[PDB]
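Accompanying notes for the structure given below.
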Amino acid sequence: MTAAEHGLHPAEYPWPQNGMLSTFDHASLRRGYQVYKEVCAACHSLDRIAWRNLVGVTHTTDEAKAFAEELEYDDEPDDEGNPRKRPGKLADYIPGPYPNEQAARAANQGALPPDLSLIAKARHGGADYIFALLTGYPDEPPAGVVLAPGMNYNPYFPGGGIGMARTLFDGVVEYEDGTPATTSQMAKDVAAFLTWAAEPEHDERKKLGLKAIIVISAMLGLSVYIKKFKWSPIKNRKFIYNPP
Amino acid sequence: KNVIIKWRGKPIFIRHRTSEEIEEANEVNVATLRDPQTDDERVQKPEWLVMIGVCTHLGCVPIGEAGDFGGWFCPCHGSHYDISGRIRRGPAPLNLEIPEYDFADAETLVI
Amino acid sequence: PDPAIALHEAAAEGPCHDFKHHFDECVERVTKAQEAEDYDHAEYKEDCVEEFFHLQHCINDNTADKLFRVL
Amino acid sequence: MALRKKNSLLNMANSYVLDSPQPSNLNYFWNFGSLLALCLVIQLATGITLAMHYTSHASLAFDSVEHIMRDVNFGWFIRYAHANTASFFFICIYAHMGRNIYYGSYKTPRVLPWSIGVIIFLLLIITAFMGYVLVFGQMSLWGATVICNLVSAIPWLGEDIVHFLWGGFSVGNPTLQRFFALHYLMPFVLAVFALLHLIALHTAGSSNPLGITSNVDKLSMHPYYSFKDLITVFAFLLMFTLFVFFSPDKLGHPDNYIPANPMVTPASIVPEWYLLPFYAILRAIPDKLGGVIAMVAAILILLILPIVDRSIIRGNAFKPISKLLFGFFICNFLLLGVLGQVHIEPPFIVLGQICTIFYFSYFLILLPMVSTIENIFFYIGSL
Amino acid sequence: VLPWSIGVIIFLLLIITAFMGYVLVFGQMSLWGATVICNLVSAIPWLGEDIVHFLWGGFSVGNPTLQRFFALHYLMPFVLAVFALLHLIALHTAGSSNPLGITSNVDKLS
Amino acid sequence: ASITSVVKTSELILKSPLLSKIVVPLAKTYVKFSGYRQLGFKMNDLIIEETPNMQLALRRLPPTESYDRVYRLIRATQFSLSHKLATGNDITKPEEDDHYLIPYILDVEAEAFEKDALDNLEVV
Amino acid sequence: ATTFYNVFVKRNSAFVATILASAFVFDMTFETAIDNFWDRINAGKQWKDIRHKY
Amino acid sequence: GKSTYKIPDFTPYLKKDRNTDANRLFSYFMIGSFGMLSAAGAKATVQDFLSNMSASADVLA
Amino acid sequence: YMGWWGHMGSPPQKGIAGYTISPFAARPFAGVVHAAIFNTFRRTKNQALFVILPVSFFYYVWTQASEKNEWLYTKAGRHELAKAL
Ligand code: HEC
Ligand code: HEM
Ligand code: HEM
Ligand code: HEM
Ligand SMILES: CCCCCCCCCCCCO[C@@H]1O[C@H](CO)[C@@H](O[C@H]2O[C@H](CO)[C@@H](O)[C@H](O)[C@H]2O)[C@H](O)[C@H]1O
Ligand SMILES: CCCCCCCCCCCCO[C@@H]1O[C@H](CO)[C@@H](O[C@H]2O[C@H](CO)[C@@H](O)[C@H](O)[C@H]2O)[C@H](O)[C@H]1O
Ligand code: FES
């Protein structure tokens with residue numbers, strides 16, 4: 001295939017979580033949630049994440065309950081069987097911007113903005129792809145590219161023509177921790193956040209792996225000693241043959 | 001007008017072709033056609049183009065009325081289908097498949 | 001301001017200069033060819049995507065580490 | 001008389017795992033048998049556990065796998081363990097088949113364990129294909145679509161058989177629920193055949209890397225091969241750990257994290273990596289039915305090794321020419337694997353066909369010729 | 001004695017298999033039967049309550065219980081088949097008894 | 001393949017001057033690279049013995065030859081498991097690589113092939 | 001050192017008891033040791049390190 | 001090469017202190033360590049793995 | 001074809017005397033350094049060609065094919081690609 005049809009492959013950036021012993025930077029995760037909430041959530045859902053998932057990752061229990069309680073969710077019908085709404089609870093999932101696919105496509109000139117809960121696992125490149133894509137809109141498409149109407153040129157997207165316009169510009173977010181909200185900073189944070197969303201076990205998984213590696217390594221070393229020990233009678237065996 | 005009916009999940013383009021549209025389709029010499037077929041082979045009723053609305057190339061849905069043969073244009077790799085829904089230009093090998101459809105009444109078809 | 005802007009510009013003028021000039025020359029050719037009439041009724045319309053990818057790929061190799069170091 | 005010999009049940013265990021007389025010179029490639037048994041046990045344990053959390057209905061299946069990843073305690077581990085062990089199962093099975101081909105384990109008197117083994121290999125493929133579908137991601141659906149459409153090639157009845165497999169007119173809910181049930185079952189059938197091939201083998205005993213009789217010099221299975229098997233168990237677990245804990249998605253296709261969408265077709269539909277050589281063989285033949293027959297024949301042709309190997313000597317340890325031919329055969333099988341995942345483009349089209357011809361000509365031409373010639377060289381060479 | 005004793009275990013597995021299969025319908029008797037039978041484990045001293053919550057995968061019989069019983073109900077018949085085969089292998093050393101209770105070694109039939 | 005077949009074919013080659021001139025040197029190098037002598041085997045030790053014919057031929061070996069064969073197999077098995085090669089007197093020298101078994105298997109097979117032929121005789 | 005053998009190793013009951021008690025101790029101490037190690041190499045990154053702001 | 005009472009040379013492998021308690025104890029220390037890590041590893045494996053059957057996060061919510 | 005302990009189906013053995021020492025009496029890692037270096041080098045050297053020849057050939061084949069394929073799908077390779085299809 002042409003390189004265009006594949007998309008340019010994203011650079012390997014040194015994410016804090018790259019590295020066998022490295023967790024996510026939770027401060028970056030928190031910043032990234034704020035980017036999701038103020039920019040991406042206009043078009044993209046995060047349906048597999050519940051408010052409770054943020055607790056003790058990015059937010060305290062209280063902050064997350066506050067986020068839940070601001071929204072209205074469908075309750076069980078009342079006693080006359082009429083529909084009712086209730087305020088959100090931590091068990092509720094973060095609600096999407098559109099009620100269905102058709103509404104989503106209508107608002108985006110036919111393109112359907114994917115749910116972002118898994119997008120870091122669902123594209124080759126992961127965090128790097130999300131970072132490259134958000135930051136990789138050139139001012140002008142390379143001369144000779146014909147964009148379909150409502151498409152934007154982005155070399156990292158396969159085919160080049162992406163239905164999502166550039167959305168991160170310096171200072172679209174005001175971070176609550178005083179970090180300068182540059183395009184690059186926001187893309188890094190949101191890409192980290194989405195990576196966490198796709199694999200929330202990441203931190204625990206790598207710690208258990210460290211324990212496993214250590215125990216299994218020691219057992220492997222000992223199994224070699226024990227094998228050699230038990231086999232030495234066979235390896236050391238000597239013969240004397242006297243033809244009869 | 002061209003409708004999109006879901007049938008086995010796959011979209012079905014149903015176009016209510018005008019007289020002059022039928023004429024435009026009945027022009028092209030069968031000789032010069034990747035997939036050689038005339039409209040008569042495709043439709044059982046000249047006013048009802050029923051096709052499986054998925055592009056024969058890879059499997060996008062062509063944008064109707066667009067094209068260069070003013071039928072259907074797949075935006076993905078730029079393959080142009082006709083008012084018979086025959087492939088004319090672009091990577092697509094075959095004409096847009098026809099489902100198994102019958103006119104039970106003259107005002108209702110089953111697919 | 002965005003650190004990437006400066007780093008990308010520096011890498012284009014410096015270690016990726018050959019590719020910068022290739023992309024530039026490509027653009028010049030294509031724009032001139034689009035300016036000429038009966039371009040719309042041509043078989044093959046040249047683009048600059050290949051040259052762009054070579055440049056971007058190069059810039060990214062010389063920048064990725066530097067950029068994340070200042071965030 | 002000792003209890004382990006006296007009691008009929010204990011004595012069956014004893015005869016397989018303790019007093020079983022083994023050659024005293026088995027090398028590390030005889031350890032794949034036990035690794036495969038370990039994979040089979042891991043797959044049963046993790047598989048049955050996933051089944052406790054998975055929902056087979058197409059409306060819920062993908063989401064149930066996300067629920068396992070996100071909500072179930074250690075669900076991430078059990079899911080990744082099951083998915084990665086499926087890859088290791090094929091690495092070990094290819095290694096085991098490779099060992100058997102190199103050392104002539106398929107020759108008399110071991111044709112029966114070999115032939116049952118070829119069926120085990122087919123069941124593993126079916127098991128792993130159905131298991132892949134259960135995720136009901138994009139690759140799940142499109143892989144099921146393309147692979148089940150191969151049955152359409154069967155003349156006259158093909159179309160009808162496909163609709164019968166699907167339980168429907170496309171891959172959807174009925175297909176998913178049936179694959180769940182069968183995917184649960186197939187590993188038990190596979191375990192039975194694995195046990196049968198061992199019972200068949202027990203009449204001749206294991207071959208050994210010299211290819212001579214070991215009747216002259218035997219060693220109890222325990223403790224010697226028990227403790228030797230531990231080394232590869234821990235080496236395996238280290239490799240398992242690096243995948244499951246540190247790179248759980250290295251062997252995976254990202255597209256399987258997108259829910260199945262019958263409208264959108266993925267860029268490239270390729271099978272899981274371990275089926276790729278068979279996929280390359282299928283693409284090589286232009287005819288639909290031809291392709292399917294070739295693909296099946298690529299597995300069933302293993303059944304003729306006992307016939308086409310004309311050597312008077314068992315295995316390749318002492319046969320320089322056979323060893324070179326085997327090296328080329330193995331590397332070609334890997335090239336087929338690679339060509340299974342490239343795009344159907346020049347120049348890989350012609351290359352795929354040449355590799356497929358080399359694959360078949362090994363069994364049909366080269367092995368019979370080379371084995372005949374080496375027979376003569378050993379005889380004339382030692383005169 | 002050995003085929004008999006393995007048989008007693010087959011009988012227990014059959015009971016468990018059939019109990020779990022009954023739950024899968026998830027009718028009223030399915031649910032209430034699961035509730036009362038699983039609550040018997042609450043009797044086990046000290047850990048009883050904890051074990052019941054562990055069986056249920058929850059605080060009552062519900063979805064987690066149903067899905068796990070499906071998986072186990074599928075499995076248990078294969079375990080039962082293995083034990084059935086074991087009790088036959090155990091029996092094959094003595095051969096079947098007969099209604100007179102004497103040896104049949106004197107008079108056998110294929 | 002049958003030992004009979006191998007031996008007949010080899011004799012056809014050794015007869016033809018041209019063929020022997022090109023095959024004998026190749027076969028000698030093949031045997032050197034084969035490396036069975038480095039484990040103290042004679043060529044005949046390597047012939048597959050799990051067939052009725054070969055079991056019969058081994059039973060017909062003179063006791064001395066039979067005892068020595070068992071020693072070479074045991075010794076080679078020990079070298080194999082140790083990942084060592086034979087040294088000194090354990091290496092089979094070309095003059096010691098005698099076809100001790102070929103006569104016995106050729107006789108066993110001769111009778112077995114005559115039996116097959118005569119089972120198919122038709123009085124004319 | 002004969003003494004050590006005689007007490008902890010000679011009887012298998014004692015040897016297995018020793019192994020299980022050692023496994024208990026190892027399991028508890030290894031857990032604690034890795035926890036501390038993990039927190040040092042991932043310093044300022046984890047929730048526990050930023051939680052104090054809230 | 002002939003007498004079977006002349007034991008072949010094992011001096012490259014024989015331990016001088018072979019009959020001491022120290023000698024046995026050391027090999028049992030290796031076996032015991034291996035048993036200890038296997039026990040700790042099995043406990044960890046069993047505990048983590050079976051915990052899948054305790055109430056999941058959505059149920060606990 | 002194989003018996004069991006006591007009747008394994010060996011030809012009669014006579015006159016082989018087999019000697020070995022206890023695992024507790026031996027050094028399990030005796031001469032490990034010599035083996036790990038010299039023995040492994042010997043065994044690897046003797047097998048090297050049988051691995052290197054097929055690997056190098058098929059890697060070269062793949063390299064040539066992947067480079068041609070890449071080149072055909074450039075601007076420069078347009079004409080050669082048109083002919084190849
Ligand atoms: C107002 C619209 C809009 C906003 C704001 C928006 N997106 Fe998107 N996004 C889209 C649409 C539409 C698509 C689908 C594009 C297509 O398929 O052509 C999309 C696609 C994506 C994709 C996947 C592209 C692919 O490979 O399929 C990612 C990742 C993404 N968006 C992330 C984000 C992030 C991160 C933000 C903001 C921080 C963001 N989006 C803001 C509309 C938006
Ligand atoms: C679940 C899959 C399998 C398991 C668990 C399994 C297990 C084993 C075990 C334990 C042995 C004895 C020890 C060994 O040689 O490694 C063995 C031998 C053998 N297996 Fe497999 N096997 C499996 C699949 C296969 C397949 C697919 C084949 C053939 C295509 C096969 C053919 C053989 C043969 C021929 C032997 C005898 C080899 C010899 O010892 O010389 N097996 N297997
Ligand atoms: C030889 C044994 C087995 C093999 C090779 C195998 C293979 C696979 C594979 C490849 C998948 C796709 C995994 C993924 O990418 O997520 C899978 C999924 C699954 N398997 Fe198996 N499997 C085996 C045994 C079993 C058994 C015994 C069960 C018991 C039910 C089972 C239950 C499942 C379930 C529920 C899934 C879907 C959940 C998921 O994707 O993880 N498997 N299997
Ligand atoms: C799946 C359940 C079972 C199957 C398929 C099964 C099958 C059989 C078969 C085929 C026989 C030999 C023929 C016969 O005597 O009828 C037999 C004998 C026997 N079974 Fe079962 N059995 C099962 C359950 C049980 C149970 C639950 C027990 C005991 C509690 C049991 C105890 C025995 C005994 C003691 C014999 C020997 C009886 C004799 O021949 O004198 N079996 N079983
Ligand atoms: C691998 C997991 C462990 C469980 C065992 C595997 C289950 C398969 C066992 C049933 C198959 C029958 O297994 C068969 O039984 C008998 C006795 O047990 C064995 O018989 C062998 O051992 C006994 C004594 O140990 C001798 O009387 C006999 O001369 C010898 O051939 C067969 O060689 C074996 O083929
Ligand atoms: C006969 C066998 C006996 C029965 C087997 C018992 C089965 C279940 C027992 C414990 C399972 C739940 O018990 C719990 O285990 C998990 C690890 O899984 C531990 O959890 C700890 O480690 C995990 C990761 O390792 C973290 O996610 C967690 O935040 C931390 O607290 C809990 O501290 C313990 O309370
Ligand atoms: S997908 Fe329709 S033109 Fe390529």
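Chain labels A, B, ... are given in the sequence in which chains occur in the structure tokens; within each chain residues are numbered consecutively from 1, and ligands are likewise numbered from 1 in the order shown.
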For ligand 5, list the contacting residues at 6 Å or closer, counting only C-alpha atoms and all ligand atoms, as a ChimeraX atom specification. /D:5,11-13,15-17,199,202 /I:4
Pull C-alpha atoms from the residues just selected and write them as a PDB file, in the first residue's frame.
ATOM      1  CA  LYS D   5       2.048 -51.173  41.260  1.00  0.00           C
ATOM      2  CA  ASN D  11      -0.684 -48.255  38.523  1.00  0.00           C
ATOM      3  CA  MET D  12      -2.003 -46.390  35.521  1.00  0.00           C
ATOM      4  CA  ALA D  13      -0.651 -43.136  36.941  1.00  0.00           C
ATOM      5  CA  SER D  15       3.000 -46.248  34.364  1.00  0.00           C
ATOM      6  CA  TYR D  16       2.801 -42.741  32.898  1.00  0.00           C
ATOM      7  CA  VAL D  17       4.416 -40.403  35.317  1.00  0.00           C
ATOM      8  CA  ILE D 199      -1.328 -44.219  25.199  1.00  0.00           C
ATOM      9  CA  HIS D 202       3.459 -46.056  25.346  1.00  0.00           C
TER      10      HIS D 202
ATOM     11  CA  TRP I   4       8.867 -52.889  31.258  1.00  0.00           C
TER      12      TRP I   4
END
- Item | Surroundings of ligand 6 up to 6 Å, based on only C-alpha atoms and all ligand atoms, as a list in words | residues 47, 48, 50 and 51 of chain H
Atoms kept (C-alpha atoms) for selection, written as a PDB file, in the first residue's frame:
ATOM      1  CA  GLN H  47      -5.229 -16.295  46.157  1.00  0.00           C
ATOM      2  CA  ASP H  48      -5.102 -13.843  43.275  1.00  0.00           C
ATOM      3  CA  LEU H  50      -9.586 -17.314  43.010  1.00  0.00           C
ATOM      4  CA  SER H  51     -10.352 -13.751  44.011  1.00  0.00           C
TER       5      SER H  51
END
* Can you check which residues of chain A have any atom within 6 Å of chain I? Use only C-alpha atoms and format it as a PyMOL selection string. => chain A and resi 2+228-229+232-233+237-242
Residue selection dump (N, CA, C and O atoms) as a compact mmCIF listing (two decimals), in the first residue's frame:
# COMPACT_ATOMS: atom_id res chain seq x y z
N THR A 2 0.33 2.37 -0.42
CA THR A 2 0.98 3.65 -0.30
C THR A 2 1.10 4.04 1.17
O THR A 2 0.29 3.63 2.00
N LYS A 228 20.56 -30.31 38.11
CA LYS A 228 21.93 -30.76 38.01
C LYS A 228 22.30 -31.69 39.15
O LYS A 228 23.01 -32.68 38.97
N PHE A 229 21.83 -31.34 40.35
CA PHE A 229 22.07 -32.16 41.51
C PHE A 229 21.51 -33.56 41.28
O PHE A 229 22.24 -34.53 41.42
N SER A 232 23.27 -35.70 38.50
CA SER A 232 24.70 -35.96 38.47
C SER A 232 25.03 -37.46 38.43
O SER A 232 25.99 -37.83 37.77
N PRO A 233 24.31 -38.38 39.12
CA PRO A 233 24.58 -39.81 38.98
C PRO A 233 24.52 -40.29 37.54
O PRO A 233 25.31 -41.14 37.14
N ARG A 237 28.11 -41.15 35.23
CA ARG A 237 28.20 -42.60 35.06
C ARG A 237 29.38 -42.98 34.17
O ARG A 237 29.63 -42.33 33.16
N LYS A 238 30.07 -44.05 34.55
CA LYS A 238 31.25 -44.49 33.82
C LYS A 238 31.09 -45.97 33.54
O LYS A 238 30.49 -46.67 34.37
N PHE A 239 31.65 -46.45 32.42
CA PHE A 239 31.53 -47.85 32.04
C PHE A 239 32.88 -48.52 31.87
O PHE A 239 33.88 -47.87 31.57
N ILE A 240 32.89 -49.84 32.09
CA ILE A 240 34.03 -50.67 31.78
C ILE A 240 33.46 -51.83 30.98
O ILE A 240 32.53 -52.49 31.43
N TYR A 241 33.96 -52.02 29.76
CA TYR A 241 33.40 -53.11 28.98
C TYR A 241 34.47 -54.17 28.80
O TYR A 241 35.55 -53.87 28.31
N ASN A 242 34.17 -55.42 29.17
CA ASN A 242 35.06 -56.51 28.84
C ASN A 242 34.33 -57.48 27.95
O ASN A 242 33.49 -58.24 28.43
Quick one: residues within 7 Å of ligand 3, with only C-alpha atoms and all ligand atoms, as a CSV table (one decimal) with N, CA, C and O atoms, in the first residue's frame?
chain,number,residue,atom,x,y,z
D,40,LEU,N,-2.2,-26.6,28.3
D,40,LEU,CA,-3.6,-27.1,28.2
D,40,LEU,C,-4.3,-26.9,29.6
D,40,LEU,O,-5.4,-26.5,29.7
D,43,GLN,N,-5.0,-23.2,30.0
D,43,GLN,CA,-6.1,-22.8,29.2
D,43,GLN,C,-7.4,-23.3,29.9
D,43,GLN,O,-8.4,-22.7,29.8
D,44,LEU,N,-7.4,-24.5,30.5
D,44,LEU,CA,-8.6,-25.0,31.1
D,44,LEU,C,-8.9,-24.1,32.2
D,44,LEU,O,-10.1,-23.7,32.4
D,47,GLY,N,-9.7,-20.5,31.0
D,47,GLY,CA,-10.9,-20.5,30.2
D,47,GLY,C,-12.2,-20.7,31.0
D,47,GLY,O,-13.2,-20.0,30.8
D,48,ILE,N,-12.2,-21.7,31.9
D,48,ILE,CA,-13.4,-22.0,32.7
D,48,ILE,C,-13.7,-20.8,33.5
D,48,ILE,O,-14.8,-20.4,33.7
D,50,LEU,N,-12.9,-17.6,32.7
D,50,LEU,CA,-13.5,-16.5,31.9
D,50,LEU,C,-14.9,-16.9,31.7
D,50,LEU,O,-15.7,-16.0,31.6
D,51,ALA,N,-15.2,-18.2,31.5
D,51,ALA,CA,-16.6,-18.5,31.2
D,51,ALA,C,-17.5,-18.1,32.3
D,51,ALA,O,-18.7,-17.9,32.1
D,54,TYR,N,-18.2,-14.4,31.3
D,54,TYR,CA,-18.4,-14.0,29.9
D,54,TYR,C,-19.8,-14.2,29.5
D,54,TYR,O,-20.4,-15.2,29.9
D,65,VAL,N,-16.4,-8.9,28.0
D,65,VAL,CA,-14.9,-9.0,28.0
D,65,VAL,C,-14.4,-7.8,28.6
D,65,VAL,O,-13.4,-7.8,29.4
D,79,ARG,N,-7.7,-12.8,31.7
D,79,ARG,CA,-8.0,-12.7,30.3
D,79,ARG,C,-6.7,-12.7,29.6
D,79,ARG,O,-6.6,-13.4,28.6
D,82,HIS,N,-5.2,-16.1,29.4
D,82,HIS,CA,-5.8,-17.0,28.5
D,82,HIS,C,-5.4,-16.7,27.1
D,82,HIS,O,-5.2,-17.6,26.2
D,83,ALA,N,-5.4,-15.4,26.7
D,83,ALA,CA,-5.1,-15.0,25.4
D,83,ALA,C,-3.7,-15.2,25.0
D,83,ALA,O,-3.4,-15.5,23.8
D,86,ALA,N,-2.7,-18.9,24.6
D,86,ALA,CA,-3.1,-19.5,23.3
D,86,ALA,C,-2.0,-19.3,22.3
D,86,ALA,O,-1.7,-20.2,21.6
D,89,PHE,N,0.7,-21.8,23.3
D,89,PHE,CA,0.3,-23.1,23.0
D,89,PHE,C,0.8,-23.4,21.6
D,89,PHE,O,1.2,-24.5,21.3
D,124,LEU,N,-6.7,-28.2,17.8
D,124,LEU,CA,-6.2,-27.0,18.4
D,124,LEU,C,-6.6,-25.8,17.5
D,124,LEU,O,-7.0,-24.7,18.0
D,127,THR,N,-10.2,-25.0,17.9
D,127,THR,CA,-10.5,-24.4,19.2
D,127,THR,C,-10.1,-23.0,19.2
D,127,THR,O,-10.8,-22.2,19.7
D,128,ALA,N,-8.9,-22.7,18.7
D,128,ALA,CA,-8.4,-21.3,18.9
D,128,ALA,C,-9.1,-20.4,17.9
D,128,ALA,O,-9.2,-19.2,18.3
D,129,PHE,N,-9.6,-20.9,16.8
D,129,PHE,CA,-10.3,-20.0,15.9
D,129,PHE,C,-11.6,-19.6,16.6
D,129,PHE,O,-12.0,-18.5,16.6
D,131,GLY,N,-12.3,-19.6,19.7
D,131,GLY,CA,-12.1,-18.8,20.9
D,131,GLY,C,-11.9,-17.3,20.5
D,131,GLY,O,-12.5,-16.4,21.2
D,132,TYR,N,-11.2,-17.1,19.4
D,132,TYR,CA,-11.0,-15.8,18.9
D,132,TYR,C,-12.3,-15.0,18.6
D,132,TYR,O,-12.4,-13.9,18.9
D,133,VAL,N,-13.3,-15.8,18.1
D,133,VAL,CA,-14.5,-15.1,17.7
D,133,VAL,C,-15.3,-14.7,18.9
D,133,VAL,O,-16.0,-13.7,18.8
D,134,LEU,N,-15.0,-15.3,20.1
D,134,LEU,CA,-15.9,-15.0,21.2
D,134,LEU,C,-15.8,-13.5,21.6
D,134,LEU,O,-16.7,-13.1,22.3
D,135,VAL,N,-14.7,-12.9,21.4
D,135,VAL,CA,-14.5,-11.5,21.8
D,135,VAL,C,-15.5,-10.6,21.1
D,135,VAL,O,-15.9,-9.6,21.7
D,180,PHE,N,-19.4,-20.3,21.4
D,180,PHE,CA,-19.0,-20.3,22.8
D,180,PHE,C,-19.2,-21.7,23.3
D,180,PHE,O,-18.3,-22.2,24.0
D,183,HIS,N,-16.4,-23.9,21.8
D,183,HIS,CA,-15.1,-23.5,22.2
D,183,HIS,C,-14.9,-24.1,23.6
D,183,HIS,O,-13.8,-24.4,23.9
D,184,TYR,N,-16.0,-24.1,24.4
D,184,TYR,CA,-15.9,-24.7,25.8
D,184,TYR,C,-15.6,-26.2,25.6
D,184,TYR,O,-14.7,-26.7,26.4
D,185,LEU,N,-16.2,-26.8,24.7
D,185,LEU,CA,-16.2,-28.3,24.6
D,185,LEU,C,-14.8,-28.7,24.0
D,185,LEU,O,-14.3,-29.7,24.5
D,187,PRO,N,-11.6,-28.1,23.9
D,187,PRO,CA,-10.5,-28.4,24.7
D,187,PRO,C,-10.6,-29.7,25.4
D,187,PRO,O,-9.6,-30.3,25.7
D,188,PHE,N,-11.8,-30.1,25.8
D,188,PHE,CA,-11.9,-31.4,26.4
D,188,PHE,C,-11.7,-32.5,25.4
D,188,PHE,O,-11.2,-33.6,25.7
D,252,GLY,N,-1.3,-9.3,20.0
D,252,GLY,CA,-2.7,-9.1,19.7
D,252,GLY,C,-2.9,-8.2,18.5
D,252,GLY,O,-1.9,-7.5,18.1
E,71,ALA,N,-21.1,-22.0,33.9
E,71,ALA,CA,-19.8,-22.5,33.5
E,71,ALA,C,-19.6,-23.9,34.2
E,71,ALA,O,-19.1,-24.8,33.6
List as a VMD selection string the protein and nucleic acid residues lying within 6 Å of ligand 7, with only C-alpha atoms and all ligand atoms counted. chain B and resid 55 57 to 60 74 76 to 79 91 to 92
